[PDB]
């Protein structure tokens, strides 16, 4: 129930700001100076201007490299987040991965829901529990997700811990 660095990357609900001390609220003491995520008064930098840093809380990254929502951010020139333009991925886009663990459809576009994560999903958080490892032809997961001992892809201690076969295995 702590956010930001104090809460392991955790984000507040409904865009509430995470203060510099790692708590959630709204007002000058949270969204003001040292705001870590949420609706920070000084918008976070992103995109090419911030070395490819993503926006927290699924915010759109404008082309000036600033995080937010609305036409200025999600519209023309949007570099990441729920951009109003469709975002290509997968074989159709040279094996590109969707950002923010979004699922790449079979048709080559980024989204979340059964239409993207279901049948034919190419990468990201696909619902298809595709088996990996020594039991499944040696195949490794997408998105450097850990292939667990029992041959399923994921992230977390169960996948990346003891018996992790490939992926972002803990060392």
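Positions refer to the first chain, counted from 1.
Enquirer: So, looking at the entry's B-factor column for Cα atoms, which has the higher mean, 111-119 or 134-142?
Expert: That would be 134-142.
Enquirer: Mean CA temperature factor from the deposited coordinates, higher in 39-47 or in 98-106?
Expert: It is 39-47 that shows the higher mean C-alpha B-factor.
Enquirer: When you compare the CA B-factors of 22, 154, 13, 157 as listed in the entry, which one comes out on top?
Expert: That would be 157.
Enquirer: If you check the C-alpha B-factor for each of 62, 54, 127, 57 in the entry, which is highest?
Expert: In the PDB entry, the greatest C-alpha B-factor among 62, 54, 127, 57 is found at 54.
Enquirer: By the record's CA B-factor, is residue 71 among the lowest, middle or highest third of residues in the chain?
Expert: CA B-factor rank for residue 71: lowest third.
Enquirer: So where's residue 18 on the chain's Cα temperature factor ranking, which third?
Expert: Its C-alpha B-factor, which the entry lists for residue 18, ranks in the lowest third among residues of this chain.
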